[PDB]
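Worksheet for the structure shown next.
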Amino acid sequence: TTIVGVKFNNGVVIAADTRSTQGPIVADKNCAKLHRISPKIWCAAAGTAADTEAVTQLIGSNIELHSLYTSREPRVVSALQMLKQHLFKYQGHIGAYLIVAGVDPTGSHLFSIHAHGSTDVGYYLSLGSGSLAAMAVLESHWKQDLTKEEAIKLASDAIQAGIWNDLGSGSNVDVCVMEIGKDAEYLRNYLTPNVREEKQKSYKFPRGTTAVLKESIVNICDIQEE
Amino acid sequence: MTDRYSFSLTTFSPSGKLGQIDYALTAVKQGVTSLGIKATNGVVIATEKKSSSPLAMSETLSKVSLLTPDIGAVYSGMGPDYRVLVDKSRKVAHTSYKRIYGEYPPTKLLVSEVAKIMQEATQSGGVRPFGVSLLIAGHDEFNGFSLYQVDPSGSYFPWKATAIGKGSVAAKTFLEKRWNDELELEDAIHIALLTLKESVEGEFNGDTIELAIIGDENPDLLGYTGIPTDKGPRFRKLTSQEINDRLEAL
Amino acid sequence: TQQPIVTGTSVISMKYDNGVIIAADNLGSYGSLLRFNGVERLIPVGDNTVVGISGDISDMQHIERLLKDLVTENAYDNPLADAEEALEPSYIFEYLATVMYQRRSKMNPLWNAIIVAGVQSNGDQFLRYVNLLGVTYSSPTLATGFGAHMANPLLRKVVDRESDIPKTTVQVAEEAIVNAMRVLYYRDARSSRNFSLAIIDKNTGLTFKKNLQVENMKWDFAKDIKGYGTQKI
Amino acid sequence: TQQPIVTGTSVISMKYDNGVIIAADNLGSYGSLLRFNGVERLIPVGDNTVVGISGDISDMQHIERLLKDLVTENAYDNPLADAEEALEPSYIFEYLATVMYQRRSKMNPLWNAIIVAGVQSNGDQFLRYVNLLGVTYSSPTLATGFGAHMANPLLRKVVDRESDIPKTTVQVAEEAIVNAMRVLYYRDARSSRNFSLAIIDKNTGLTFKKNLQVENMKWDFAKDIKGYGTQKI
Amino acid sequence: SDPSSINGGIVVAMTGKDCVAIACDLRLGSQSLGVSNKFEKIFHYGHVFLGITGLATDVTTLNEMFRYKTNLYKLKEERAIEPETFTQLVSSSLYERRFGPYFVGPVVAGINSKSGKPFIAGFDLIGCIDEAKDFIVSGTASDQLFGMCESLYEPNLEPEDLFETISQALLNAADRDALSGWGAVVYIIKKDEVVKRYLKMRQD
Amino acid sequence: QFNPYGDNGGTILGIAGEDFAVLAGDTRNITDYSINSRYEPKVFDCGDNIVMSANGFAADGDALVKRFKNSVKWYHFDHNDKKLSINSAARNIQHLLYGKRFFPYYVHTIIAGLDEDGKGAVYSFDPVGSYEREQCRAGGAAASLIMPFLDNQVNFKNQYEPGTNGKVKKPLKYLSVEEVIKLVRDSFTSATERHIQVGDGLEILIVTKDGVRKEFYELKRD
Amino acid sequence: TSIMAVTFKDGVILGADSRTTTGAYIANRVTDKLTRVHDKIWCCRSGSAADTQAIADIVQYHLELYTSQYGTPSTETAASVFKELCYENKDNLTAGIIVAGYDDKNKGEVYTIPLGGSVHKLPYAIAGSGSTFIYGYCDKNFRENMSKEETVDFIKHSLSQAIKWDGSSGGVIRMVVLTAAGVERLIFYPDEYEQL
Amino acid sequence: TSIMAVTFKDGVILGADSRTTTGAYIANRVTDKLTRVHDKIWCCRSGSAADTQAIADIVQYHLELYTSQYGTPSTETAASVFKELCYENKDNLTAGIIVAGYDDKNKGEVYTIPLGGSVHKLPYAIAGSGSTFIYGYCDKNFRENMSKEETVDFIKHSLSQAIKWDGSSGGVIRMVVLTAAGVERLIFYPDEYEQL
Ligand SMILES: *C[C@@](C)(O)[C@](*)(O)[C@H](CC(C)C)NC(=O)[C@H](Cc1ccccc1)NC(=O)[C@H](CC(C)C)NC(=O)[C@H](CCc1ccccc1)NC(=O)CN1CCOCC1
Ligand SMILES: *C[C@@](C)(O)[C@](*)(O)[C@H](CC(C)C)NC(=O)[C@H](Cc1ccccc1)NC(=O)[C@H](CC(C)C)NC(=O)[C@H](CCc1ccccc1)NC(=O)CN1CCOCC1
Ligand SMILES: *C[C@@](C)(O)[C@](*)(O)[C@H](CC(C)C)NC(=O)[C@H](Cc1ccccc1)NC(=O)[C@H](CC(C)C)NC(=O)[C@H](CCc1ccccc1)NC(=O)CN1CCOCC1
Ligand SMILES: [Mg+2]
Ligand SMILES: [Mg+2]
Ligand SMILES: [Mg+2]
């Protein structure tokens, strides 16, 4: 997986590739790794896929209840604190490595969190198997006072580096932009540089090609009247 | 430093009455009037913001509460009992439903869970029943719009329209005359404001009235864009200005 | 079978229109200890070849002596030793690749990763890799260790395929190499600031640059980073 | 189950005619690193008992707090806390011995060897050992770690059996202890020159000596030692 | 020793034009010994179909578990569970055994009764969801099924064409796996009719 | 401890026609999750109208090909420039592989060419030298993905004549070179989608009576 | 990691490098290892990033609750809370922490807590992988009652050497000054400290 | 073991501690780790006592035979013979050797040979377990072209610190001075160097 976060002038952008794997096999070519914790707090996930989903949903559920209880819009530091304490308690066994970003009344924020429960602060971050390829691009092109357009460009370029150079990553680039005083914009399949070419041949079979022993109707309906 | 009250504090009397439930219903009768009306394309719930002092900021006290994005609740009776029930109702919507099925519960089942919590306070050791009646309005895909009442016993009933608390007998008669099965949501809001004016003594405006609807999806209130299936909350609390606009055409 | 003791980190390289560039830092690490700060890991062979070596330094010094002895041996009874029968990059590589695979096959490897960079007689660019296992491969960009993970992505943005090689000048290619060395200094815990760089061009020959430093570093944003989440000061 | 981290070496001790002497150096080692040079490992309890501790220093500090808390607890509702119901060496020892054996039996030991030295109410000398396993024993001389191997042989030349105790004065006994500490500094790689010594006498009470140094060392013969056999210069 | 390959078996699912297909082999074994040639791996709860590969005791246990849960769902909700909702229920149920998991590879298939939209999904043993447009594979010949599906599949196939494609994907994948085969079943699922077909295949 | 083996990934495919044979291989070379090269040739013209590939651990693969190429050279010297037949090449390769029975070459080898009757031939080897002639074979990382497809599309397995209930099999046919190359390209496009170690490029060597021809096609680079 | 805390005339100064490692990869080059547990009680962190963060978060909680009930805690008290957590959970923790603070009564104090969970009060302390390389240097160059400028230079020169020789240390040198005057943050970049 | 060799204006000086350990027992407290392989080529030994003695004995033999045939060997040549033995027998040896010598042509030279059998020519070198604690100190205090008295003090102060912090080092500080003037042996006792 390749996931990144990049801060800019008036907010923060996160991005991710869309490949999930099972051994050396690609299980899903259009995986969604940008998870919504709350409307303006989103995070990118790497690691054990079930764990990242379960952990984002649990903390996202508890963040929603906390928001209703306090009559306040959720804060990124709260999502961070609740995620790290949960992951620390499980001593690394919950294999969730996350980049947590968002906007709240305090401002815009960008953090990373690792499976053992350590967190870090930064203006640019990368995680997953393609994090070295992505960090190379980030270390070469990042500057202070980036615009929205520049940060989206830099984030997607950093994912592309992971797509092309890391065998763990591939397919498409997903982006989510969180700007202060605006709705968060989730851009699913922001780039699509890996469409399969047309096949040489059609493999549609003639009807009757497969040998059958028995046919029967399956009753899916409930017990009937009369 | 022991909880020794492991026995029921609500029991059957010789006449077959459960005294504490009846007495809880009496507490609900003393409470401020609240109502609910169901339209074809929506549901409205409403109540009076009875301010305990003019120095108090009545905006901070929310009698009408969001439970899920498509479900809202109002009450009559004891306010603190209502507040803790709203906390528990919000939580049980997640724990016993959303964390299992990945979607919010339908209105009737969330009502069922709240009802269960209120029943248990009517039978468990060392507790009194909740001194509230709730009106829960909501929408879900397969059942459409709905409106439910929940009493201190745990019993619940679906309503086309109803009222609870202080002037409920008079308010229910008023609604019987005005309600029909072809009402639009705006017509139901208009009828809700007319019904509620009868039970209010003092000032009657957007600052002393609390009103919310279960209506169309509000994508502008969602807070994010990019997922076509997530179209926004159907619950919306009307503003002070929005209420006053409709009071001029009253 | 052994374990590496004193070690050298990444060697990085690429092809450009008229030749090849190769680079490596001047460090010999002793585990986490940054023990030796003046170690040259680019070793020229003649005026047309540079062998860049990472991994065990004792084994590097052995390989250095093999190459030095190879030049001596090639000169024997060879009137064209400085002309048509001079050592080629392809000859030097194949020799090393033979030795590497022979040593792994005796379960006593030379614990190194090697990149041979040069220009052939006909002006063709030569760039090929070999390691302790005898595994060999060629590509428009090549890098060992951390450089494979971090330098290659950056260098491949300049030369992504064979057809990009004629379009890439020596200035653009050197710039890319120098930037890649900075990125490795930010991110590799067993790297140093000081490095050597070698250009082998078909026209201008062998240019060997010593005592280079990583410069134009960005650390200023560090002042604004406080705590690990909730700390405000 | 754990492993000891910061550690203290030998504690040595002996009986003499009117009391007991105990000593230990002021070092807290971190493996081969001689990390902490001001660590007190003799801890007095009242005016009649000194507990000398070796092994894990974190566990030593825990034991120190247990003893401090034991004095506080003994004073509670006790008008004779500074007289007939004061803590005795035998009481302090049995408490520690109980704790040590309980902790080993839960597979979570206090990783220490302990010598309790003192004088009882009736003037009798008290000297007894306990360790991480709960093993206990008494003898006219006692020592932990390297001290068992090197100090005991020397101290047993002064008091070889019970009948030698009345014949041994405080000057002779202290001299033997000070010499033993020098021998340990020559020969124990995890020792220091600086040490503390405590005398508990039935007449003169508790005398606690800090900041002592090993002195009168012989190193001069070292100049004459050259090579390892055949070297003459 | 590896619980996921003691008994053997495979499941594959595919989408078509206004239809879905789900298919499985019939083998149950104890490593090299073939025991049963009638061990079906596809179950249904109303109109939602579930295939399960892996350790056979857990296949049976999970069928009984999801029958239990979908029966209670229907009593309370007063409607049949949909594929999208059932998928989430499978995921929730698997993940609650995170550190002592069921050794299984489940596959959901069905048509949403309201929207009419074809739906398939797959899961790992701890409940991660793969919601594919095209196809889902599972079992000891999953590599083989991935290869067959990725080449043979095209979108928007009619029900009777989709039958041929999924059958050929299953059969040829099974014949390259020692622990799969011994018969096969194919379900063709449309909005209000479901046809079940037993395939003639080689019995080794 | 020192491990003398490694895995360089890659995937290869041999198909035999009536008067031709193809040997195809992807051009990607990898270790762990890194790409070493996007174009590192893996299928080689060995002379005498024989093409060879030894996929797996690339160092052992290169060593084996190098030794076989040399075996062809010395076969010419020792037997009066006689053409090494494909069957004879195969038996020679068995002895090269079995020579290292207790320290194997970690590769799957395929050779292709024409037999002594001019008919297309593909031979396939395990690491220690067991071999068999076949119409079809895929080897390497994505062999498990590709082989079942070839069983179905080259040898017509599990396919029957429509309307015969299920009792007349689809009759076996030789495929044209155009039809084989279509199956090769689709096999590798499919493998590239689902296997991380497969990609970058496809290089096909086609062997006929006229000689050895090459074709190259781009594959996805992710 | 290279960390140190040094008492001086006007108070105490904490210092650290900014490197976080996963194997030989530098996961964070601008890490802040100097963390606030109270207004004028800070700590230097070394060992596991997860463990030392978890501990520091718990200590910050304990001292916030101490302050609500009993007023400002002493540096000794803060060190005791760190110790209790490190000692009692010694089997499950990898944490090497230096605690430093300023009182008006006690002035500057430094407590070091190594792996076992022992406590040691010292005039100055050094810790982390890179500290091994500067025991010699620090012992020869430390004096008591130094000025602020002298103590900044002592830490800058010391950590410069630790960074130079330890591959696990690097980046910027962060410092935190604790005096009666308040809390001052200082940063020193590679171009400054490498040429020393 | 703590060992070093330092080039200076008039030549080179070798230094060492005198401790030999079996576990934590000090088997020899007056060890001589500075060994002659030729009149003016000496070495500092660290690692296995058996291995470094065996190697040094073989090197002394090789250089004696070199001298009989070809005259006085260079320091570089002596280092090469050490290297050959250490490199080729790397699997079976635990030897860390510093080679130091004086020519009239080349003046003072120092070569260090660590565990792998690599060679490194340096202005000065440090090695052994105790050297880790003085990298900082030695880097800050070394200058080229020092006087004899300055270089004796530099080694005395350096090994003093190495001894202070390393339990595996101790005893006396032995030194051997190599100049045109000849070969001088120096010894420094604990009472002298501890108070520095
Ligand atoms: C791909 C990536 C570049 O690594 C990136 O990090 C993504 C990010 C996700 C999608 C948010 N990660 C994955 O795709 C993981 C990689 C991974 C695999 C294995 C362990 C840890 C990480 N992929 C998955 O988690 C994968 C998702 C499926 C394909 C939908 N699940 C598995 O591979 C599963 C993990 C099981 C497991 C159990 C306990 C601890 C950790 C992991 N393994 C299997 O399914 C293997 N096997 C099980 C028995 O049946 C046959 C298959
Ligand atoms: C740099 C320094 C000298 O070590 C200094 O002490 C810093 C101080 C921190 C920033 C407060 N320490 C680190 O950087 C630690 C060093 C360390 C590693 C492992 C155990 C203890 C200490 N680094 C981390 O804690 C690191 C932070 C992540 C990258 C955000 N975590 C790990 O490396 C993680 C720790 C697992 C662990 C935890 C506790 C005890 C034992 C092990 N380890 C991995 O992820 C292992 N890694 C190995 C290579 O393949 C990938 C997995
Ligand atoms: C002190 C120093 C810093 O280590 C310094 O390098 C000196 C330099 C010498 C004097 C030239 N080195 C020693 O003192 C070595 C340290 C060492 C120990 C073990 C392996 C390598 C180095 N000490 C010895 O060589 C020691 C000399 C004897 C006492 C005369 N020999 C041993 O300790 C012996 C070595 C066995 C061995 C040899 C080579 C590789 C691995 C192991 N070991 C034992 O006798 C073990 N001993 C353990 C405790 O129970 C008794 C047996
Ligand atoms: Mg089979
Ligand atoms: Mg990729
Ligand atoms: Mg010492």
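Within every chain, numbering begins at 1; the chains are lettered A, B, ... in the order of the sequence lines, protein sequences first and strands thereafter. Computed over heavy atoms, backbone and side chain alike; hydrogens, waters and symmetry mates excluded.
- Nearest approach of A/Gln91 to A/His116, heavy atoms of both residues: O-CE1, 3.6 Å.
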TODO: Give the C-alpha distance, both sets of side-chain angles, the deciding distance and a yes or no for side chain to side chain contact (heavy atoms under 4.5 Å, CB included) between G/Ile126 and D/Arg35.
DONE: CA-CA 10 Å; G/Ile126 54 167; D/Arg35 180 71 194 84; 4.3 Å; yes
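- Crowding of G/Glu64 atom CD: a count of heavy atoms from other residues, nucleotides or ligands under 6.0 Å not exceeding 12.
- With G/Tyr124 as the partner, the ring pair (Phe, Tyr, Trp, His ring centres under 6.0 Å) test is satisfied by one option alone out of G/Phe8, G/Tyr111, G/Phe142: G/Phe142.
- Of the N and O atoms on the side chains of D/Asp25 and D/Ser192, not one donor lies less than 3.5 Å from an acceptor on the other residue.
- G/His62 has its ring centre no less than 6.0 Å from the ring centre of G/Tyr66.
- Counted by atom type alone, D/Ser54 and D/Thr144 present one or more donor-acceptor pairs between their side chains at under 3.5 Å.
- Of the listed residues (G/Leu159, G/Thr112, G/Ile98), just one forms a side chain to side chain contact (heavy atoms under 4.5 Å, CB included) with G/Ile3, and that residue is G/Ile98.
- Ring pair A/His86/A/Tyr90 is tilted by interplanar angle, where 30° to 60° counts as tilted.
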- [ ] Run the numbers on G/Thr1 and G/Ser46 for side-chain hydrogen bond (donor to acceptor under 3.5 Å, both in side chains), then give the verdict.
- [x] CA-CA 6 Å; G/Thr1 293; G/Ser46 74; 6.0 Å; no
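- Here the CG-NZ distance, from D/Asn26 to D/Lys210, works out to 8.0 Å after rounding to the nearest 0.5 Å.
- Side chain of D/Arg41 to backbone of D/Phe195: no donor-acceptor contact under 3.5 angstrom is found.
- Side-chain polar atoms of A/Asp120 and G/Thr31 form no donor-acceptor pair below 3.5 angstrom.
- Rounding to the nearest 0.5 angstrom, the gap separating the CG atom in G/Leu178 from the CD atom in G/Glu109 is 12.0 Å.
- Taking each heavy atom of G/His38 and G/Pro73 in turn, the nearest pair found is NE2-CD, 3.6 Å.
- Ring orientation note: the planes of G/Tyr135 and H/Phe133 are nearly perpendicular, at an angle over 60° on the 30°/60° scale.
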Open item on the list: Run the side chain to side chain contact (heavy atoms under 4.5 Å, CB included) test on D/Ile53 and D/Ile63 for me, step by step, so that the C-alpha distance in whole Å, both residues' side-chain angles and the decisive distance to 0.1 Å come before the verdict.
Closed with: CA-CA 9 Å; D/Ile53 304 177; D/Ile63 291 159; 3.7 Å; yes
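- When atom types are taken as modelled, the side chain of H/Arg29 and the backbone of H/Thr20 share no donor-acceptor pair closer than 3.5 angstrom.
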Open item on the list: What verdict does the side chain to side chain contact (heavy atoms under 4.5 Å, CB included) test give for D/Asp59 and D/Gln2, after you've listed the backbone C-alpha separation in whole Å, the side-chain angles of each residue and the deciding distance to 0.1 Å?
Closed with: CA-CA 11 Å; D/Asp59 290 337; D/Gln2 357 80 292; 3.7 Å; yes
TODO: Kindly determine whether H/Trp165 and D/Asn37 satisfy side chain to side chain contact (heavy atoms under 4.5 Å, CB included), including the steps that lead there.
DONE: CA-CA 10 Å; H/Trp165 297 116; D/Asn37 288 124; 3.8 Å; yes
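- Side chain to side chain, G/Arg174 and G/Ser18 fail the donor-acceptor criterion of an N or O pair below 3.5 Å.
- Here the closest heavy-atom approach between residue G/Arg45 and residue G/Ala56 is recorded as CD-CB, 4.3 Å.
- Heavy-atom minimum distance, H/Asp17 versus H/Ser168: OD2-O, 4.3 Å.
- Atom CD of G/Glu76 sits in a sparse spot, with 12 or fewer heavy atoms from other residues, nucleotides or ligands closer than 6.0 Å.
- In this model, no donor atom of one side chain and acceptor atom of the other lie less than 3.5 Å apart for C/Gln231 and G/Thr35.
- Considering CD1 of D/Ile114 and CZ of D/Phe93, their distance stands at 8.5 Å, rounded to 0.5 Å.
- No more than 12 heavy-atom neighbours from other residues, nucleotides or ligands sit within 6.0 angstrom of OH on C/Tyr30.
- Under 3.5 Å, the side chains of C/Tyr228 and G/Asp57 contain a donor-acceptor pair of N or O atoms.
- For the atom pair SG of G/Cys138 and CZ of G/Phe154, the computed distance is 4.0 Å after rounding to the nearest 0.5 Å.
- The shortest heavy-atom contact between D/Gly55 and D/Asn112 is C-ND2, 3.8 Å.
- When the shell of 6.0 Å around OH of G/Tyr61 is examined, it contains 12 or fewer heavy atoms from other residues, nucleotides or ligands.
- Across all non-hydrogen atoms, the minimal contact from D/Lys15 to D/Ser138 is NZ-OG, 4.5 Å.
- Within a 6.0 Å radius of CD in A/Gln81, more than 12 heavy atoms belonging to other residues, nucleotides or ligands are found.
- The closest side-chain donor-acceptor pair between D/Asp56 and D/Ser58 falls under 3.5 angstrom.
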